[PDB]
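Structure data (mmCIF, C-alpha atoms) from target-v5.cif:
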data_final
#
loop_
_atom_site.label_atom_id
_atom_site.label_comp_id
_atom_site.auth_asym_id
_atom_site.auth_seq_id
_atom_site.Cartn_x
_atom_site.Cartn_y
_atom_site.Cartn_z
CA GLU A 1 174.87 73.81 -60.39
CA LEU A 2 178.27 72.14 -60.23
CA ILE A 3 179.40 75.38 -61.88
CA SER A 4 179.78 78.13 -59.30
CA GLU A 5 180.47 81.87 -59.44
CA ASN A 6 184.21 81.20 -59.23
CA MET A 7 185.88 78.12 -60.71
CA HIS A 8 189.41 76.87 -61.08
CA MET A 9 190.83 75.05 -64.08
CA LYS A 10 193.88 72.92 -64.65
CA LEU A 11 195.22 71.95 -68.11
CA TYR A 12 197.67 69.59 -69.79
CA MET A 13 198.66 70.08 -73.44
CA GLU A 14 200.94 68.12 -75.71
CA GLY A 15 201.66 68.40 -79.40
CA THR A 16 204.02 69.08 -82.26
CA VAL A 17 204.31 72.04 -84.62
CA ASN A 18 206.43 71.57 -87.75
CA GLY A 19 207.89 68.49 -86.10
CA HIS A 20 208.80 70.23 -82.83
CA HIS A 21 207.42 68.40 -79.78
CA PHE A 22 206.22 70.40 -76.76
CA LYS A 23 204.06 70.23 -73.65
CA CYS A 24 202.39 72.94 -71.64
CA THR A 25 200.45 73.10 -68.44
CA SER A 26 198.25 75.77 -66.98
CA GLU A 27 196.34 76.67 -63.83
CA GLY A 28 193.64 79.27 -63.96
CA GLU A 29 190.44 80.65 -62.56
CA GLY A 30 187.54 82.73 -63.73
CA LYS A 31 183.90 83.62 -63.38
CA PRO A 32 181.89 81.29 -65.58
CA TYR A 33 178.72 83.41 -65.56
CA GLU A 34 180.55 86.66 -66.24
CA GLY A 35 182.57 85.25 -69.14
CA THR A 36 185.98 86.10 -67.75
CA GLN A 37 188.98 83.94 -67.00
CA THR A 38 192.72 83.98 -66.65
CA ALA A 39 195.20 81.13 -67.04
CA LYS A 40 198.83 80.98 -65.99
CA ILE A 41 200.58 78.91 -68.62
CA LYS A 42 203.95 77.16 -68.61
CA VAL A 43 205.89 75.54 -71.41
CA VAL A 44 207.19 72.44 -69.62
CA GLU A 45 208.81 70.49 -72.43
CA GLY A 46 210.32 71.67 -75.71
CA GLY A 47 210.78 75.27 -74.55
CA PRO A 48 211.49 77.91 -75.64
CA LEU A 49 209.16 77.14 -78.52
CA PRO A 50 210.50 77.82 -82.02
CA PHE A 51 207.12 79.29 -83.04
CA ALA A 52 204.91 82.11 -81.87
CA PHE A 53 202.98 81.22 -78.74
CA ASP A 54 200.02 83.05 -80.37
CA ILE A 55 199.11 79.89 -82.39
CA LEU A 56 198.36 78.01 -79.10
CA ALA A 57 196.27 80.76 -77.49
CA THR A 58 192.79 79.52 -78.50
CA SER A 59 193.61 76.05 -77.19
CA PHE A 60 193.87 76.98 -73.47
CA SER A 61 187.71 77.05 -72.11
CA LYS A 62 184.03 77.27 -73.13
CA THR A 63 182.45 77.00 -69.65
CA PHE A 64 183.53 80.65 -69.14
CA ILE A 65 181.18 82.36 -71.59
CA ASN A 66 178.51 84.77 -70.30
CA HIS A 67 175.37 83.38 -71.95
CA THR A 68 172.95 86.33 -72.15
CA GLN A 69 169.43 86.88 -73.54
CA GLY A 70 168.35 83.46 -72.23
CA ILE A 71 170.54 81.54 -74.69
CA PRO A 72 170.73 77.88 -73.56
CA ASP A 73 174.29 77.16 -72.41
CA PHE A 74 175.46 73.93 -74.05
CA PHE A 75 178.65 74.00 -72.06
CA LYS A 76 177.36 74.61 -68.53
CA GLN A 77 174.48 72.11 -69.15
CA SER A 78 176.96 69.34 -70.00
CA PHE A 79 178.26 68.88 -66.47
CA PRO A 80 178.89 66.77 -64.54
CA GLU A 81 179.71 64.72 -67.65
CA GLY A 82 181.58 67.52 -69.50
CA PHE A 83 182.21 67.91 -73.24
CA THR A 84 184.91 67.73 -75.89
CA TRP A 85 185.92 70.11 -78.67
CA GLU A 86 187.86 69.60 -81.88
CA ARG A 87 189.08 72.35 -84.19
CA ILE A 88 191.03 73.33 -87.27
CA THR A 89 192.63 76.74 -87.52
CA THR A 90 193.82 77.48 -91.07
CA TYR A 91 196.37 80.32 -91.57
CA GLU A 92 196.32 82.07 -94.94
CA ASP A 93 200.02 81.45 -95.51
CA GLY A 94 199.73 77.68 -95.29
CA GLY A 95 200.06 76.60 -91.65
CA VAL A 96 197.28 74.57 -90.00
CA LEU A 97 196.87 73.92 -86.31
CA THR A 98 194.34 71.29 -85.22
CA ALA A 99 193.53 70.59 -81.63
CA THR A 100 191.39 68.08 -79.81
CA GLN A 101 190.29 68.68 -76.23
CA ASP A 102 188.49 66.96 -73.37
CA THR A 103 186.80 68.99 -70.61
CA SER A 104 185.87 67.21 -67.37
CA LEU A 105 185.01 68.23 -63.83
CA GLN A 106 186.90 66.55 -60.96
CA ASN A 107 186.42 67.51 -57.31
CA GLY A 108 185.08 70.93 -58.21
CA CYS A 109 187.96 71.74 -60.60
CA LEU A 110 187.73 71.91 -64.44
CA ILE A 111 190.30 69.66 -66.05
CA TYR A 112 191.41 70.18 -69.69
CA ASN A 113 193.46 67.82 -71.76
CA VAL A 114 194.56 69.02 -75.20
CA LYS A 115 196.35 67.44 -78.15
CA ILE A 116 197.88 69.66 -80.90
CA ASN A 117 199.08 69.04 -84.45
CA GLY A 118 200.62 72.05 -86.18
CA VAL A 119 201.59 71.33 -89.75
CA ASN A 120 203.17 73.14 -92.73
CA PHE A 121 203.87 76.51 -91.13
CA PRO A 122 206.10 78.39 -93.60
CA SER A 123 209.69 78.29 -92.34
CA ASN A 124 210.21 81.97 -93.09
CA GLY A 125 206.74 83.07 -92.12
CA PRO A 126 205.87 85.14 -89.10
CA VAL A 127 204.74 82.28 -86.92
CA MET A 128 207.98 80.31 -87.23
CA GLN A 129 209.98 83.59 -87.15
CA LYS A 130 208.16 84.74 -83.97
CA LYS A 131 207.10 88.02 -85.64
CA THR A 132 203.54 88.14 -84.35
CA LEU A 133 201.71 90.56 -82.03
CA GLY A 134 198.60 88.81 -80.74
CA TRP A 135 194.96 88.51 -81.88
CA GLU A 136 192.34 91.10 -82.64
CA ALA A 137 188.89 90.67 -81.07
CA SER A 138 186.66 88.13 -82.78
CA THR A 139 183.14 86.72 -82.98
CA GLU A 140 182.23 83.02 -83.25
CA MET A 141 178.91 81.91 -84.72
CA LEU A 142 177.47 78.69 -83.17
CA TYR A 143 174.53 76.51 -84.13
CA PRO A 144 173.55 72.88 -83.72
CA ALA A 145 175.12 70.33 -86.03
CA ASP A 146 176.40 66.77 -86.03
CA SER A 147 174.58 66.12 -82.71
CA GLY A 148 176.70 68.82 -81.10
CA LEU A 149 177.35 72.45 -81.75
CA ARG A 150 179.32 73.74 -84.72
CA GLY A 151 181.29 76.95 -84.34
CA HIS A 152 182.94 79.10 -87.01
CA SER A 153 185.13 82.15 -86.53
CA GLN A 154 187.71 84.25 -88.44
CA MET A 155 190.66 85.85 -86.58
CA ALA A 156 193.40 88.29 -87.48
CA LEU A 157 196.93 87.87 -86.11
CA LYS A 158 198.73 91.22 -85.94
CA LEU A 159 202.26 91.10 -87.41
CA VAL A 160 205.58 92.85 -86.62
CA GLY A 161 206.11 95.50 -89.27
CA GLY A 162 202.40 95.98 -89.86
CA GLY A 163 199.68 94.02 -91.52
CA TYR A 164 197.83 90.93 -90.41
CA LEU A 165 197.66 87.24 -91.06
CA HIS A 166 194.09 85.95 -91.50
CA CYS A 167 192.89 82.62 -90.09
CA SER A 168 189.62 80.67 -90.14
CA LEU A 169 188.52 78.48 -87.21
CA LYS A 170 186.03 75.60 -87.53
CA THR A 171 185.07 73.71 -84.38
CA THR A 172 182.67 71.05 -83.21
CA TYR A 173 181.70 70.89 -79.51
CA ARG A 174 180.29 67.53 -78.29
CA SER A 175 178.50 66.97 -74.99
CA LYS A 176 179.23 63.84 -72.99
CA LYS A 177 175.74 64.23 -71.53
CA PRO A 178 172.82 62.34 -73.09
CA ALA A 179 171.18 64.53 -75.73
CA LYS A 180 167.77 64.08 -74.13
CA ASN A 181 169.07 65.96 -71.11
CA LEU A 182 170.23 69.06 -73.07
CA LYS A 183 168.27 72.07 -74.20
CA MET A 184 169.94 73.08 -77.49
CA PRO A 185 170.46 76.72 -78.37
CA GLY A 186 169.51 78.19 -81.71
CA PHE A 187 172.00 80.13 -83.84
CA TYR A 188 173.96 82.70 -81.83
CA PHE A 189 177.21 84.69 -81.53
CA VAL A 190 179.99 84.84 -78.94
CA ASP A 191 182.16 87.97 -78.96
CA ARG A 192 185.54 87.55 -77.32
CA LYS A 193 188.92 89.12 -76.84
CA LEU A 194 192.10 87.31 -75.81
CA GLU A 195 194.77 89.44 -74.06
CA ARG A 196 198.00 88.86 -72.10
CA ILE A 197 198.48 90.04 -68.52
CA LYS A 198 202.21 89.25 -68.62
CA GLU A 199 204.73 86.85 -70.16
CA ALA A 200 208.39 86.06 -69.59
CA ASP A 201 211.41 84.17 -70.82
CA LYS A 202 210.69 83.84 -74.57
CA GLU A 203 207.00 82.96 -74.01
CA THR A 204 207.76 79.95 -71.77
CA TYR A 205 205.47 81.61 -69.22
CA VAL A 206 202.30 83.43 -70.33
CA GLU A 207 199.38 84.73 -68.36
CA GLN A 208 196.40 84.90 -70.70
CA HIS A 209 193.00 86.53 -70.15
CA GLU A 210 189.75 86.07 -72.11
CA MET A 211 186.38 87.71 -71.98
CA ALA A 212 183.57 86.03 -73.90
CA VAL A 213 179.93 87.04 -74.12
CA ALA A 214 177.17 85.29 -76.05
CA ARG A 215 174.43 87.28 -77.75
CA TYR A 216 172.08 87.54 -80.71
CA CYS A 217 172.17 90.25 -83.43
CA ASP A 218 172.57 93.78 -82.01
#
Structure re-expressed in structure tokens:
Amino acid sequence: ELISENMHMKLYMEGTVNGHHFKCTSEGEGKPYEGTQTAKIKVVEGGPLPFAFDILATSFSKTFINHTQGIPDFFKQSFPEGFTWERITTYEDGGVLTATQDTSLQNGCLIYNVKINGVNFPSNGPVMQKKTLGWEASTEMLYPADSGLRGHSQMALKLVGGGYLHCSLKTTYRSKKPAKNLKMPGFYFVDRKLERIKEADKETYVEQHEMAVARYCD
């Protein structure tokens, strides 16, 4: 019940991509039970980034998923302790972006800390050439594994000039709450779309929106 109808989040992010160091911060809010949220994001060091902001988008919030059909909510159950997540995104043209994240709750506000390693992005590929046009909608499948929850998804990054770049995502979410105090879900799906409200100055400011809704087969 530490998770109310409207919640605010604050985030710190640091990492490198192809050797380029950067940091970002964000402030956001959303409706955890409706599965919607928006974050206002700033590149605060290393800007303007020499790579498409799109590769960072999935690293800016699992408490904001509308868990329907009575699906136990691993994320909302984890508070006040919180949870971590860890992920590899593999791009078909050779780049990989891993991220590790901590989610905690401090004085009613969600606090995210994220670490990023982006490696081997092709120098003349669309990510390093900033020739990308955002993500299509996607679905993640989630089920218990390794004492946490494993998630898998595939995403398509739209490209300037047509065509898409395919990626796979593989995540593990880990609760910082004793397992005995968690009701695990069974296998399920989360459908989500990630959109921009606005951006400015070579992606050094981006306002990002996500809607995410959990379900079974339909």
Give as a compact mmCIF listing (two decimals) with C-alpha atoms, in the coordinates of the input the set of residues within 12 Å of the point (194.6, 82.8, -79.4), where distances use the file's coordinates and all atoms listed in the file.
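Okay, part20.txt is ready:
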# COMPACT_ATOMS: atom_id res chain seq x y z
CA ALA A 52 204.91 82.11 -81.87
CA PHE A 53 202.98 81.22 -78.74
CA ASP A 54 200.02 83.05 -80.37
CA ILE A 55 199.11 79.89 -82.39
CA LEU A 56 198.36 78.01 -79.10
CA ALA A 57 196.27 80.76 -77.49
CA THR A 58 192.79 79.52 -78.50
CA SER A 59 193.61 76.05 -77.19
CA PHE A 60 193.87 76.98 -73.47
CA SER A 61 187.71 77.05 -72.11
CA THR A 89 192.63 76.74 -87.52
CA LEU A 97 196.87 73.92 -86.31
CA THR A 132 203.54 88.14 -84.35
CA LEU A 133 201.71 90.56 -82.03
CA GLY A 134 198.60 88.81 -80.74
CA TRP A 135 194.96 88.51 -81.88
CA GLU A 136 192.34 91.10 -82.64
CA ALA A 137 188.89 90.67 -81.07
CA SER A 138 186.66 88.13 -82.78
CA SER A 153 185.13 82.15 -86.53
CA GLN A 154 187.71 84.25 -88.44
CA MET A 155 190.66 85.85 -86.58
CA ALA A 156 193.40 88.29 -87.48
CA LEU A 157 196.93 87.87 -86.11
CA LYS A 158 198.73 91.22 -85.94
CA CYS A 167 192.89 82.62 -90.09
CA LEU A 169 188.52 78.48 -87.21
CA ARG A 192 185.54 87.55 -77.32
CA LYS A 193 188.92 89.12 -76.84
CA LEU A 194 192.10 87.31 -75.81
CA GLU A 195 194.77 89.44 -74.06
CA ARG A 196 198.00 88.86 -72.10
CA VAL A 206 202.30 83.43 -70.33
CA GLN A 208 196.40 84.90 -70.70
CA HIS A 209 193.00 86.53 -70.15
CA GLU A 210 189.75 86.07 -72.11
Selection result of the PyMOL selection byres ((chain A and resi 7-23) around 8) on this file, as a PyMOL selection string = chain A and resi 3-6+24-32+43-47+49-51+60+97+108-121
message = Give me, as a PyMOL selection string, all polymer residues having an atom no more than 10 Å from residue A:145, counting all atoms listed in the file and skipping those fewer than 3 positions away in the same chain.
response = chain A and resi 142+148-151+172-174
For atom CA of residue A:189 and atom CA of residue A:177, the interatomic separation in Å (one decimal) =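 Value for the atom CA of residue A:189-atom CA of residue A:177 distance: 22.8 Å.
You will find atom CA of residue A:102 at 4.4 Å from atom CA of residue A:84.
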query = So how far away is atom CA of residue A:178 from atom CA of residue A:70, in Å?
reply =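 Atom CA of residue A:178 lies at a distance of 21.6 Å from atom CA of residue A:70.
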ask   = Which residue, A:146, A:140, A:93, A:1, has the smallest gap to residue A:126 when you use all atoms listed in the file?
value = A:93
task = Report the residues retrieved by the PyMOL selection byres ((chain A and resi 176) around 12) from the displayed file, expressed as a PyMOL selection string.
result = chain A and resi 74-85+102-105+147-148+173-175+177-182
inquiry  = Taking all atoms listed in the file into account, name the residue in A:190, A:152, A:36, A:212 that is nearest to residue A:90.
reply    =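 Distance minimum relative to residue A:90 lands on A:152.
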ask   = So, counting only C-alpha atoms, which residue among A:214, A:87, A:63, A:39 is closest to residue A:101?
value = A:87
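Those residues positioned at most 8 Å from (171.2, 77.3, -81.8) are residues 142, 143, 144, 149, 184, 185, 186, 187 and 188 of chain A, judged using all atoms listed in the file.
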Store the residues picked out above in a file with C-alpha atoms, as a compact mmCIF listing (two decimals), keeping the file's coordinate frame.
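So the final result, stored in result-v1.txt, reads:
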# COMPACT_ATOMS: atom_id res chain seq x y z
CA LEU A 142 177.47 78.69 -83.17
CA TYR A 143 174.53 76.51 -84.13
CA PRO A 144 173.55 72.88 -83.72
CA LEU A 149 177.35 72.45 -81.75
CA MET A 184 169.94 73.08 -77.49
CA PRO A 185 170.46 76.72 -78.37
CA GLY A 186 169.51 78.19 -81.71
CA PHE A 187 172.00 80.13 -83.84
CA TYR A 188 173.96 82.70 -81.83
